[PDB]
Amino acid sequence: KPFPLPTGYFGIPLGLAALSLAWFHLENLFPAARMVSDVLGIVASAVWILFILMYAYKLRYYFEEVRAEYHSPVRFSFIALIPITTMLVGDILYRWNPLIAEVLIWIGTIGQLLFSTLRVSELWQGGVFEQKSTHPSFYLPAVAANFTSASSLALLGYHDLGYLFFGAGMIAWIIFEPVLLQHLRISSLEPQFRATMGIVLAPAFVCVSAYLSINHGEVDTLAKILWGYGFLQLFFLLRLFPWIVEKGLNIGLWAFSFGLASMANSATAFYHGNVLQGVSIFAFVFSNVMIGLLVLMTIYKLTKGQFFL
């Protein structure tokens, strides 16, 4: 029974793949962490394969739906999930096959850069994007895709090239967030989009995780600064959580998984660097519990014929 896969579902393998990598970084401190990493990584990779196959079907048989999402000044952003997750799967696979991993990383990096270059810039022509288009999802092509390239390139040994992507994402972040939070202040985000508030958790933690990958895990002043703003945003989003889910818990809450998983990844580096170890443990446990809850609610929905379109 054919159906067009909602692009946002790539957030599921994305969150799982990022959490696999966080656990990978604990292996030398806690050897059993590698088994947990490998299991999360295989599950994320499997889900990614499936979703890539489903999306290839969407492109072949439901192309006009993709074209409409592509030209939308709001919905285009979710497409960036595709190359982001491709890169994270490459990072996972690198532990087993660096050749295949490097192919996936380059495909994702070229694909996300071509994507942004075509669409993010086109917004600057005016008249299509409106004030009401100012959504957290914009972080995906503008910010998160660049941080993911930064960290993946560093994994491959291209640290200086990674810094270029890092810079592109960090400055893009700082340049978009002001107008986003002002818009949220003035305009009440409608319930159907509120789960995407979870993406507001992402920038500072995805940023510091990419930074720590490129700088060999040196926890310095910048990294601490980023963690500070990251936790501020976490506390804000926690207070806002009842309003976020005013209309009920739903699968869109996977939007939080990117920032959660990056908070866990960055915590491993803070722990290794003997900076705020107690905070690190808390951060790492919290993010795992929250993602575990997402998995449980996803298994629940799956067994009730919900989930898919």
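Don't overthink the numbering: it's just position in the shown sequence, from 1.
The mean Cα B-factor in the deposited entry runs higher for 79 to 87 than for the other of 79 to 87 and 166 to 174.
When the C-alpha B-factors of 186 to 194 and 112 to 120 are averaged, 186 to 194 comes out higher. In the deposited coordinates, the residue among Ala261, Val275, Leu240, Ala32 with the greatest CA B-factor is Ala32. Per the PDB entry, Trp96 shows the highest C-alpha temperature factor of the residues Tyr211, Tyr229, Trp96, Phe236. When the CA B factors of the chain's modelled residues are split into thirds, the value for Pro203 lands in the lowest one. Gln125: CA B factor lies in the middle third for its chain, per the PDB record.
Sorting the modelled residues of the chain by their CA temperature factor places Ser152 in the middle third. The entry lists a Cα temperature factor for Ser266 that places it in the lowest third of the chain's modelled residues. The entry lists a Cα temperature factor for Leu222 that places it in the lowest third of the chain's modelled residues.
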